[PDB]
Amino acid sequence: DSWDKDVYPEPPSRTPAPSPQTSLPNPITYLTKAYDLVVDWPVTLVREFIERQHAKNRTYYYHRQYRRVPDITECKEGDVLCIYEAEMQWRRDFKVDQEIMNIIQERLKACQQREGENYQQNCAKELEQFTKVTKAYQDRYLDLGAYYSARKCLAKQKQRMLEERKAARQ
Amino acid sequence: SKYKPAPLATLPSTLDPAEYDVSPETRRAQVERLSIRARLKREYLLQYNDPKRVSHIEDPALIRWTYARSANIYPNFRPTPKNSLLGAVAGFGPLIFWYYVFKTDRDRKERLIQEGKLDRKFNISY
Amino acid sequence: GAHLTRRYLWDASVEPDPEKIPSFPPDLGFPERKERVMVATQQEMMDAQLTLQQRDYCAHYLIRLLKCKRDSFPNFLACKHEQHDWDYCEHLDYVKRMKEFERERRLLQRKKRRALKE
Amino acid sequence: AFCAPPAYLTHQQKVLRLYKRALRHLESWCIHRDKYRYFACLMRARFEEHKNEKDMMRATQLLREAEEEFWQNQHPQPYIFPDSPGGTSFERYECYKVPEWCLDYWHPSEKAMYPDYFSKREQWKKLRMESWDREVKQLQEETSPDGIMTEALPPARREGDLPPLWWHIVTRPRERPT
Amino acid sequence: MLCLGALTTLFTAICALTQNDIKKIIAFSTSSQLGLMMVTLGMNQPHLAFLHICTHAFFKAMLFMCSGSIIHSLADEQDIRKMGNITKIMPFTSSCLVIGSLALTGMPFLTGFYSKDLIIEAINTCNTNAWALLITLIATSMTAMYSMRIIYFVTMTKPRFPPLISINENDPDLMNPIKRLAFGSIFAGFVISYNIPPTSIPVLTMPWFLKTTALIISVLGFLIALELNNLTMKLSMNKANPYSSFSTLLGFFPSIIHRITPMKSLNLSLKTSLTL
Amino acid sequence: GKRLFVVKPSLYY
Amino acid sequence: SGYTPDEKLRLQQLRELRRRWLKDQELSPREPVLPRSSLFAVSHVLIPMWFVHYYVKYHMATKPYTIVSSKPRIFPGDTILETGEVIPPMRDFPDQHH
Amino acid sequence: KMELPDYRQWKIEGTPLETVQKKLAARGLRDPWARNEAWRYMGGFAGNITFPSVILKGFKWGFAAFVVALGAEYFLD
Amino acid sequence: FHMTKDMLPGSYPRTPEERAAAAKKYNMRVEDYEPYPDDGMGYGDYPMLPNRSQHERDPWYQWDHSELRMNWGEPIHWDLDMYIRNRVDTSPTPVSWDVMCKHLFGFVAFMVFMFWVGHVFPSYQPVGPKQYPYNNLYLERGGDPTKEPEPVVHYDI
Amino acid sequence: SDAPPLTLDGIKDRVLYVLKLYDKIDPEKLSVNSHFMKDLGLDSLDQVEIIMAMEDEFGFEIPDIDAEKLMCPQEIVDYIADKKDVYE
Amino acid sequence: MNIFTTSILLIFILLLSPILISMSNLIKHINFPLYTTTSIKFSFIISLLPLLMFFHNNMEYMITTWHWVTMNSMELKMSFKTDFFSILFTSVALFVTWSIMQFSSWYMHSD
Amino acid sequence: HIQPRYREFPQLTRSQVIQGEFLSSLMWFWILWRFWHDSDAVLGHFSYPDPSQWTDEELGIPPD
């Protein structure tokens with residue numbers, strides 16, 4: 001379980017206790033007990049052996065955080081070095097935002113499947129987060145072309161800010 | 001209570017009037033066609049079960065059909081006003097029609113987006 | 001049904017249009033009218049995971065039937081009484097809907113008599 | 001399927017073909033056997049009462065109007081035999097009728113799997129190779145100088161040789177090579 | 001969806017009425033039942049449609065296996081005009097064929113009872129349409145009629161097959177799967193419908209002529225088709241009618257469409273796109 | 001008995 | 001007009017050749033010259049079940065949303081075996097005729 | 001090998017083919033292939049089959065099993 | 001191969017000796033040979049065969065091209081691709097084409113008209129609408145818990 | 001399993017069986033080399049009906065030109081043998 | 001959520017096994033129709049297990065089992081919605097296919 | 001195995017007859033048993049009311 005509930009929330013399961021009002025045996029319970037004893041125990045033993053071997057030959061890998069280079073806004077046009085660094089960090093942030101959108105979509109699908117018949121009521125916050133992140137994504141990356149760039153994103157943001165400022169005049 | 005044929009579902013040989021009003025000229029023509037068919041059949045059968053044959057049979061009729069369908073059409077094409085009109089309409093009418101279809105649709109979509117009456121509900125990746 | 005023949009052949013002014021039922025105030029012929037009770041509450045309907053089509057006024061009988069089925073999952077031929085209770089509640093609800101239909105039809109008849117008198 | 005059609009069908013042939021087709025469509029209409037026998041006897045009676053005319057134009061007009069009646073009231077879905085054109089299982093085993101010259105392309109291992117059969121096959125190939133020249137000579141000697149030549153073929157005239165062009169129909173695949 | 005399903009179930013039942021190949025009869029029957037499922041989807045009852053999916057799967061699998069055994073025993077003879085006395089010469093196959101036909105028509109307390117009759121009750125008690133309802137009931141009657149046609153012309157009358165009998169039975173690979181699917185077609189609808197959790201709640205308050213209408217029209221179709229088959233036993237030639245020709249030529253849809261659409265498309269494709 | 005030689009293509013290659 | 005003796009004799013000779021060829025199609029007796037209860041259930045169910053269960057437990061439950069189930073349909077009057085949250089039953093049920 | 005029954009056993013009396021022969025002799029006609037079609041109505045296939053005889057197949061034993069099951073149910077409770 | 005230009009297709013025959021040479025090339029008779037009428041597109045001396053699909057050939061007769069139902073050396077139709085047995089059929093039908101088209105169109109139009117009639121005269125049951133509690137399931141169908149909806153009341157009857 | 005193969009003797013016996021059940025001819029006079037018109041006294045309609053009966057007996061269709069070529073039970077038997085590939 | 005998932009994936013694996021045996025060059029030494037029929041009937045039993053489980057508790061699983069591609073906030077991934085419809089139709093189709101497979105073993109003889 | 005018959009009735013084996021009779025008997029037994037137990041093939045079990053016999057007082061209409 002590398003994943004954490006902070007980024008992939010899951011409500012605690014509330015399963016009811018059995019109430020076997022009938023006298024018949026339960027083939028589901030018998031098959032689950034036999035399935036555990038026959039399949040789950042050897043698989044658990046194999047995985048424990050594998051994990052013991054991994055703990056013997058344990059190694060590590062890291063994350064490689066990048067630091068913020070100067071952006072496209074604060075250096076002169078025609079300077080290909082600053083433009084290159086700003087373009088690379090913008091493409092990096094673009095890919096990160098793609099995966100943020102993927103995380104929100106996974107969260108929404110998990111909410112819908114977990115709630116089932118009550119998805120129209122108790123998935124309100126998941127749908128609200130999905131709508132807000134969709135609106136922000138549409139504000140920053142939507143109309144950019146197949147040659148999307150930091151310069152094009154900046155031009156779109158400046159046009160949107162100009163329209164909002166003009167609307168705020170009246 | 002009569003069968004009316006067409007280019008599809010044609011007239012039977014049991015219903016055409018030419019089968020019953022026969023002439024000796026038509027009988028002689030039928031005998032000659034049988035003779036042509038028999039000569040071609042004999043040539044094909046000799047070439048077919050010749051034991052020394054090591055290859056297939058070339059079928060000059062099929063070769064003629066392929067050549068007439070492929071490499072003869074432009075040597076035997078003559079420009080007429082009828083085929084000029086046909087070529088112009090068949091090469092331009094669909095293009096102009098789909099031009100106006102896509103142009104009107106995209107102009108309406110662009111106008112709706114600019115006036116804000118069209119909303120992209122969850123269209124993030126286009 | 002003879003209601004369809006009477007609507008499409010005799011007249012449609014006195015026979016009701018099923019979309020606009022009721023077209024009369026519910027407190028017209030009744031000096032006092034009781035609120036329809038709802039035994040099952042929203043929380044337990046949500047917990048029982050009833051579909052929104054079946055969260056009607058027989059949801060408590062439906063919940064009891066589903067609880068019976070879950071308890072005696074083997075021997076599925078054992079919740080006949082709960083099934084009959086749920087079906088009888090649905091029959092009573094359908095009878096209430098027929099009563100609403102006939103009430104609206106006779107209210108239209110009374111409106112026709114009033115308009116003839118005036 | 002085994003006899004090639006002539007240049008034209010005679011009047012007797014056309015009448016017989018119409019008679020057979022009418023009986024088949026009559027059976028397809030009246031499925032039941034006794035009813036079919038009754039109406040087939042009626043049809044035979046009609047053909048017998050128009051049988052003797054001694055007027056070719058009257059006979060041809062009778063045939064023409066009989067074909068008109070047949071096309072007017074034929075069965076839209078007549079009975080077709082299996083292994084007959086238009087019926088089920090017509091060309092069903094054509095995918096299994098292998099044309100027998102692939103045994104030349106068989107590997108020596110596969111030929112070694114069936115030694116006696118391939119010895120007999122080699123004997124057949126030798127017989128064909130020896131007979132081909134006399135087949136061609138007989139076909140050239142057949143008296144067809146010009147004009148009327150039919151699709152029929154002659155038999156082996158002299159003693160010891162084979163009918164011309166025999167191989168493609170003697171060594172044809174079996175009708176069910178399964 | 002309701003209109004399309006009603007149209008296709010009526011049209012395919014009409015086509016199945018005057019057909020001779022057993023596979024063709026059961027194919028048009030399958031199309032009629034698929035149209036019935038489309039009608040059920042036209043109402044807001046998808047779960048009844050899925051129940052009829054499972055039920056019809058059992059039915060048509062068993063019917064087609066019975067027909068395949070008939071065909072194999074009669075040496076690839078596929079049309080009903082060359083078979084009879086199947087109830088006497090092939091009792092196992094005939095019995096399973098009758099089981100499948102009754103279950104398809106909707107004989108009560110079989111697998112077809114628990115889907116088709118609930119569908120009929122829903123289509124009678126729904127506020128959807130009138131003509132779709134009417135031709136759905138007519139199509140159910142025609143379903144009974146073509147099942148009767150199969151039963152009569154195959155398992156009844158006198159033998160019409162070629163004389164040399166080569167009917168082989170007592171093959172376990174033939175008898176056992178037909179037995180298993182016969183058990184399915186008898187009991188599986190009951191078992192499934194009593195194990196299914198209650199969704200898409202039904203209405204059960206209806207007059208008697210809306211409750212027993214499916215059984216009534218199935219019995220009526222059986223009686224009408226039996227009377228027509230005895231009329232075929234009668235020794236007289238009828239005059240061919242355009243309704244019968246329309247039914248046996250599949251409404252002329254294959255002939256007309258499959259001759260006019262490929263011809264126009266291929267001729268246009270060549271004579272403009274390539275050579276012009 | 002009565003086994004017949006079924007003719008098949010060269011599947012060896 | 002049946003068979004003229006021409007094609008009659010041809011058919012007879014072709015028939016003799018066809019009978020000989022079909023007779024030669026027969027196989028020789030030496031041709032072709034070639035060069036427990038539950039073991040299938042052990043081999044083809046248990047081992048794939050082991051592999052599949054390993055992949056399910058240690059490569060899907062280790063991932064966040066690979067296996068998601070719906071709610072287990074809690075009813076009024078049972079015990080939840082997670083926190084001790086037994087829920088109260090419904091109200092007095094005024095209609096008890098059927 | 002296959003053995004052929006005596007063709008002389010194929011008569012047409014007591015048959016729909018006999019009725020057909022009578023109706024054909026009413027108009028002065030004869031049916032020659034009647035004895036060829038006669039085997040389809042002979043002793044193996046002579047019994048007429050009815051729609052109740054097809055549908056009610058096994059109904060006797062099904063009803064007997066139903067009666068036994070009802071008796072067992074009454075004996076149990 | 002050995003295919004030369006005097007037996008390949010050529011231009012339109014304008015003289016009787018050209019027509020005789022074309023018929024001899026295509027293995028036809030002189031009176032049977034009939035080229036296309038010079039109606040534009042490049043049909044040369046290629047014959048106009050009688051425009052019938054391969055389904056109408058005699059199926060009992062064995063052909064050199066048995067799938068094509070055509071003998072060796074016979075002139076190929078221009079639209080053989082259309083007229084093979086995998087494609088467009090022109091075989092005679094028991095019912096004429098015009099009455100088949102009229103029956104199909106009349107059936108479809110009648111069904112469409114009756115569907116419209118049944119739409120304008122729907123079939124239903126003498127019942128009122130279905131009643132659902134809690135403001136017609138406002139929160140369960142989706143609504144703001146902050147906003148209070150208009151209370152719809154289902155009175156008893 | 002199914003479909004027992006048919007031999008020359010079986011074909012001859014079945015053809016003779018159908019012709020003996022024709023009831024138009026053969027008062028213990030039929031042989032295997034008896035011509036339908038030369039020494040059986042039939043005509044073309046009778047020969048067509050005989051071919052129809054043989055087709056219904058053997059379950060397959062004889063094409064019309066070969067059928068009108070057939071005129072004797074011996075060559076009917078030979079035609080069935082050639083079509084069915086008998087004496088393998 | 002382990003036995004249910006392994007039963008669904010075991011249905012798929014037991015269906016895929018005769019395909020690999022077909023492309024594994026041991027068909028000529030086994031009775032392939034009988035082996036495939038046994039495979040289908042064992043798949044039917046393994047499919048009967050989640051049928052009983054769904055008849056008990058109605059859990060409606062959303063298995064994934066694989067991730068194929070991630071393309072600009074569109075995660076194209078394998079996923080199985082083990083639903084009422086999926087479970088019941090899987091069981092019915094497996095039973096029918098077992099019957100059809102045995103019937104085909106009888107019917108396509110000498111093919 | 002079963003011997004072919006030329007024009008007589010085929011020799012039926014006992015096994016197919018017994019199996020067919022058993023299947024038909026089981027079908028009819030199940031039909032009779034279910035019809036005896038739950039007779040919802042006819043009329044349901046709810047006795048469909050007639051609205052014309054409902055009283056004006058219980059339907060709540062005002063008179064004149």
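Residues numbered from 1 in each chain as written, not as in the entry; some residues may be left out. Chains lettered and ligands numbered in written order. Part of a larger assembly, values for the part shown. Heavy atoms only, no water.

1. Looking at the overall build of chain A
Here is the rule we go by: For helices the rule is a DSSP run of H or I covering at least 4 residues; for strands it is a run of E covering at least 2, with both sets numbered from the N terminus onward. Only C-alpha atoms enter the radius of gyration; for comparison, a globular chain is expected to reach 2.2 Å times N to the power 0.38, where N is the number of residues. The rule is simple: take the accessible area with a 1.4 Å probe, protein chains only, and divide by the maximum for that residue type; under 20% is buried, over 50% is exposed, in between is partly exposed. Residue contacts are defined here by distance: any two heavy atoms, one from each residue, within 4.5 Å place the two residues in contact. Per-residue and other accessible areas follow the Shrake-Rupley method at a 1.4 Å probe size, with only the shown protein chains counted as cover for residues. When charges are tallied, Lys and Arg are placed among the positive residues and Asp and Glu among the negative ones, while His and the ends of the chain are skipped. Throughout, a charge is located at the NZ atom of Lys, the CZ atom of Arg, the CG atom of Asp or the CD atom of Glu.
Assigned secondary structure in chain A consists of five helices and zero strands. Counting helices and strands in the order they occur from the N terminus, chain A gives α-α-α-α-α. A globule of 170 residues ought to have a C-alpha radius of gyration of about 15 Å, yet chain A, at 26 Å, is considerably larger. Across its three principal directions, the C-alpha atoms of chain A cover 80 × 50 × 25 Å. Counting all 170 residues of chain A, 28% fall into the buried class. Here the analysis covers contacts within chain A between residues at least 6 apart in sequence; of these, 51% occur between residues at least 24 apart. If you sum the accessible surface of chain A, you get close to 12,600 Å²; carbon and sulfur atoms cover 56% of it. For chain A, the separation between the mean place of its 29 positive charges and that of its 26 negative charges on side chains is 3 Å.

2. So, the interface of chain C and chain I
Formally: Simply put, the buried area is the total loss of 1.4 Å probe accessible area from both parts when two parts are fitted together. When a carboxyl oxygen of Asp or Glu is within 4 Å of a side-chain nitrogen of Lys or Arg, the pair counts as a salt bridge. Classes in brief: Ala, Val, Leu, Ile, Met, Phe, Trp, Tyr, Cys and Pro nonpolar; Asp, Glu, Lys and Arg charged; the others, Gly included, polar.
The interface of chain C with chain I comprises 32 residues on the first partner and 23 residues on the second. Taken together, the two surfaces of chain C and chain I that pack against each other cover about 2,900 Å², and 60% of this comes from carbon and sulfur. The tally of links between chain C and chain I comes to one salt bridge. Here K130 of chain I ties to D56 of chain C by a salt bridge, and the two come within 3.4 Å at their closest N and O atoms. Listed by contribution, the elements that provide at least two residues to the side of chain C that touches chain I are α1 (2–10), α2 (42–48) and α4 (80–117) of chain C. Residue composition of the side of chain C that touches chain I, grouped by class: 14 nonpolar, four polar and 14 charged.

3. Topic: the state of the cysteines
In protein chemistry, a disulfide is the covalent bond that joins the sulfur atoms of two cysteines. Under the convention used in this document: We call a pair of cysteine sulfur atoms a disulfide whenever their separation is within 2.5 Å.
A complete count under the given rule lists four disulfides over all chains for this structure. Across a sulfur-sulfur distance of 2.0 Å, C75 of chain A and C82 of chain A are joined as a disulfide pair. On the sign convention where negative is left-handed, the bridge of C75 of chain A and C82 of chain A, at about -80° about the S-S bond, is left-handed. Each disulfide pairs two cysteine sulfurs, and for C58 of chain C the partner residue is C89 of chain C, the sulfurs being separated by 2.0 Å. The sign of the S-S torsion, about -85°, decides the handedness of the disulfide formed by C58 of chain C and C89 of chain C: left-handed. Here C58 of chain C is found in the loop between α2 and α3 (59–71), whereas its partner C89 of chain C is found in helix α4, with 31 residues between them in sequence. For the pair shown, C58 of chain C and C89 of chain C are each scored as buried. When the bonded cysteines of chain C are counted from the start of the sequence, the pairing works out to 1-4, 2-3. By sequence order of its bonded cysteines, chain A has the disulfide arrangement 1-2, 3-4. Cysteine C72 of chain J shares no disulfide, and the gap to the nearest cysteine sulfur, in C3 of chain D, comes to 15 Å.

4. Examining the pattern of salt bridges
Where charged atoms from two side chains of opposite charge approach closely, those side chains can pair. Throughout the structure, instances matching the rule amount to 87 salt bridges over all chains. For the salt bridge of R14 of chain A with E85 of chain G, the shortest nitrogen-to-oxygen distance reads 3.1 Å. Taken together, the positions of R14 of chain A in the segment before α1 (27–56) and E85 of chain G in the segment after α2 (40–59) put the pair across two chains. Among the residues examined, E85 of chain G registers a relative accessible area of 34% and is labelled partly exposed. Taken together, the salt bridges that share partners define one network made up of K20, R24, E27 and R33 of chain D, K82 of chain E, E37 and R40 of chain H together with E55, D56 and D64 of chain J.

5. As for the pairing of strand β1 (residues 61–70) of chain K
This is how the line gets drawn: For two strands to be treated as a pair, DSSP must find at least two bridges joining them.
Pairing analysis gives seven bridges linking β1 of chain K to strand β2 (residues 75–82) of chain K, with the strands arranged antiparallel. Residue pairing in the sheet places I63 of chain K in a bridge with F80 of chain K of β2 of chain K.

6. Regarding the interface of chain I and chain B
Heads up, the condition is: For this analysis, a polar contact is any N or O atom pair within 3.5 Å, provided that within protein one partner can donate a hydrogen and the other can accept it, and provided that sequence-adjacent residues contribute only side-chain to side-chain pairs.
Of the residues lining the interface, 48 residues belong to chain I; the matching set on chain B comes to 39 residues. Together, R29, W72 and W78 of chain I form the three largest contributors to the area buried by chain I at its contact with chain B, with a combined 20%. Here chain I is connected to chain B by five salt bridges. Measuring nitrogen to oxygen at the nearest pair gives 2.4 Å for the salt bridge that ties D64 of chain I to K41 of chain B. Summed over the shared surface of chain I and chain B, the number is 18 residue pairs in polar contact. Contributions of two or more residues to the side of chain I that touches chain B are made by α2 (80–83) and α3 (97–120) of chain I.

7. A short note on the UniProt feature "domain: CHCH" in chain C
For clarity, the threshold we go by: UniProt positions are given in the numbering used here, feature names are shortened, and annotations may be inferred rather than shown by experiment.
Those residues carrying the UniProt feature "domain: CHCH" are residues 55–97 of chain C in this numbering. Split by type, residues 55–97 of chain C is 72% helix and 0% strand. Its first and last C-alpha atoms lie 16 Å apart.

8. Focus on the packing of helix α6 (residues 113–125) of chain E against helix α7 (residues 131–155) of chain E
Residues and elements named next belong to chain E. Basically, it comes down to this: Simply put, an axis is a line fit to the C-alpha atoms, just over the touching stretch for a helix, and the angle between two N-to-C directions goes from 0 to 180 degrees. Under this scheme an angle from 65 to 115 degrees is roughly perpendicular, one under 35 degrees roughly parallel, and one over 145 degrees roughly antiparallel; angles in between are oblique. Whether a crossing is left-handed or right-handed is set by the direction in which the near helix is turned from the far one by less than a right angle, anticlockwise for left-handed and clockwise for right-handed.
Their axes nearest at 10 Å, the elements α6 and α7 cross at an angle of 155°. If you check the angle between α6 and α7, you find them roughly antiparallel. Remark: the crossing between α6 and α7 carries left-handed chirality. Where α6 abuts α7, its residues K116, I120, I123 and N124 lie against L133, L137, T140 and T143. Each residue belonging to the contact of α6 with α7 can be placed in one class, and the counts come to four nonpolar, three polar and one charged.

9. Comments concerning the packing of aromatic side chains
Which entries qualify depends on this criterion: Pairs were defined over the aromatic rings of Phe, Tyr and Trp, the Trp ring being its six-membered one, requiring ring centres within 6.5 Å. Orientation was assigned from the angle between planes: stacked under 30 degrees, edge-to-face over 60, tilted for the rest. Definition used: whenever NZ (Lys) or CZ (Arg) falls within 6 Å of the ring centre and also within 35 degrees of the ring normal, the charge is taken to sit over that ring.
A full pass over the atoms with the stated rule returns 86 aromatic pairs over all chains. Geometrically, the ring pair formed by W90 of chain A and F94 of chain A is stacked, given 5.3 Å between the ring centres and 20° between the ring planes. Taken as a pair, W90 of chain A and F94 of chain A lie in helix α2 (residues 80–115) at a separation of four residues, close to a single helical turn. Pair check on accessibility: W90 of chain A and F94 of chain A agree, each one buried. Among the aromatic residues, ring-to-ring pairing joins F76 of chain C, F109, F113, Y114, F187, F190 and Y194 of chain E together with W30 and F35 of chain L into one connected group. We note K99 of chain C situated over the ring of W54 of chain L; from NZ or CZ to the ring centre the distance is 4.0 Å.

10. Quick notes on the environment of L210 of chain E
As for its placement among the helices and strands, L210 of chain E is situated in helix α9 (residues 208–211). In the structure, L210 of chain E is positioned 87 residues away from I123 of chain E in sequence and 9.7 Å away in space, judged by C-alpha atoms. If near-sequence neighbours (up to four positions away) are discounted, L210 of chain E is found in contact with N124 and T125 of chain E together with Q125 of chain I.

11. Some remarks on the environment of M38 of chain C
With respect to the secondary-structure elements, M38 of chain C resides in the loop between α1 and α2. Under the relative-accessibility criterion, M38 of chain C is labelled buried at 12%. For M38 of chain C and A59 of chain C, which are 21 residues apart along the polypeptide, the C-alpha to C-alpha distance reads 8.4 Å. Apart from residues lying up to four places away in sequence, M38 of chain C is in contact with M45, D56, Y57 and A59 of chain C, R91 of chain G together with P133 and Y134 of chain I.

12. Overview of unusual backbone geometry
In this chain, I21 of chain C is followed by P22 of chain C through a cis amide linkage whose omega measures 0°. Locating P22 of chain C in the fold gives a position in the loop between α1 and α2. With omega at 0°, the peptide bond leading from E31 of chain G into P32 of chain G counts as cis. Mapped onto the secondary structure, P32 of chain G falls in the loop between α1 (5–24) and α2.

13. Things to note about a nonpolar patch on the surface
This is how it is decided: Two joining distances apply to patches: 9 Å for like charges and 5 Å for nonpolar side chains (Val, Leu, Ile, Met, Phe, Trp, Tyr), and every residue must have over 30% relative accessible area and no salt bridge.
There is a patch of nonpolar side chains on the surface, built from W208, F209 and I216 of chain E together with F35, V42 and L43 of chain L and spanning about 600 Å² of accessible area. With respect to the secondary-structure elements, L43 of chain L resides in the loop between α1 (14–37) and α2 (56–59). On the basis of relative accessible area, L43 of chain L is assigned to the exposed category, the value being 54%.

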